[PDB]
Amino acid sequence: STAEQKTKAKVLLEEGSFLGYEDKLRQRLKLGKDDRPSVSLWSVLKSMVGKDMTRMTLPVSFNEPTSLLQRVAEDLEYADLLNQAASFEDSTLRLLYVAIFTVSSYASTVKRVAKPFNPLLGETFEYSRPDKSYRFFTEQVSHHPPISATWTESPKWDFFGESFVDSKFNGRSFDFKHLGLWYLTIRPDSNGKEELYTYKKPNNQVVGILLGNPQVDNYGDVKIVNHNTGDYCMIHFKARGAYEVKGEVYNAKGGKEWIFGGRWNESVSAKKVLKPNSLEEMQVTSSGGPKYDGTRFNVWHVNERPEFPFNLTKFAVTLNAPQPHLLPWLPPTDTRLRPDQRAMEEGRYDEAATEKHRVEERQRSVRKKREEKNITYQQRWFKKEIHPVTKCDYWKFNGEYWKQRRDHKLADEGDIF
């Protein structure tokens, strides 16, 4: 452990980042299954051509009892890849593992063709994992348009960014573009000061709507750049004509150092590129770690996925869990306390519809009162600032949430549910 890692581990512990997380992870929902009818997507969407996801009303069969705040937290499912990245002295090998981390979060999107809850303005979600030594926090900082800010902290890595999803049903497919920038900081075990990576997420689309078999497809080009070295990585999620992803990792001089590829719903493998000028890309068996001699090595495989209601992954089941020892620590804004989403999770769809209307009406009335008094809305835990390395606006976490939580100062921090 380097000095800056222990420094970071010290701050996480003093701030009480893991208090309240003593209960064993949630393993299953109360519901065993559910039989929301399978309503045809097209039958619903044919009347709503040109609308945004947040501008459409839908049957419960097309709703999922997670918040957008928690879907973003599913970035962290395979975050062990980031500690693995931290351990490598070769900076392009760090990039290779950082790159595959960005790819690994799309396996969980398969089979969930459903709308997550649109977080209320000021809604928040915390999630700490003592067994991994990371803490995650997010706040819904904007409602028109919907935007979430995240901030994840661990001894060997940080990860934060803006979730600004812009969506459009064009009458054939449902397209989702991710407009915010993502920041991934590594504190290497050796040979390297703290280093920053930035990238933007690929696009998603729902297709097969016309055919009667709607499918989540992720697609597009991704560029990760190490602002300190500065290696870079090209990733290509192939559009459905889906599942294939390939990537190439370069040093700062343009030398192709590594390539990787696989199916982002299954597994990704990689190999060392020996001639830096090669244009070889990954053609779509060592499970012992990275190889420098040019043989292929596995890097990521998808977790096993038991059947759950709403086709949740195992990681996703742990997110909305109203753990008994956690609830006393939470602010009133935490997604675990949101009542329409809770009732939905437990299969009570009319109570969910009733509570959704109530909290949405309140949100609207608070907004109208602000406008009538010329009151500018202020986020509670984040402030928009200009990032020094990228010179982009980002949501800077104000550092107060985990210490105020530690000190039980959150009871009055919001009233939206």
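Position 1 is the first residue in the sequence shown; the rest follow in order.
In terms of unmodelled positions of the deposited sequence, the chain runs continuously from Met234 to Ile235 in this entry. Missing coordinates between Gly241 and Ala242 amount to 4 to 9 residues of the deposited sequence. Higher mean CA temperature factor between 246-254 and 311-319: 246-254, per the PDB entry. Here the stretch with the larger average CA B-factor, out of 201-209 and 272-280, is 272-280. Reading the B-factor column for the CA atoms of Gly288, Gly171, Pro119, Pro339 in the entry, the top value corresponds to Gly288.
Each of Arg348, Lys391, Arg358, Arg380 has a CA temperature factor in the record; the biggest one is found at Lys391.
For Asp80, the recorded CA temperature factor ranks within the middle third of the chain's modelled residues. In this PDB entry, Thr185 carries a Cα temperature factor that places it within the middle third of its chain's modelled residues. In the PDB entry, a CA B factor belonging to the lowest third of its chain's modelled residues is recorded for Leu69. Ranked by Cα temperature factor within the chain, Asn191 sits in the highest third according to the deposited record. Ranked against the other modelled residues of its chain, the C-alpha B-factor of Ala352 as given in the entry falls in the lowest third.
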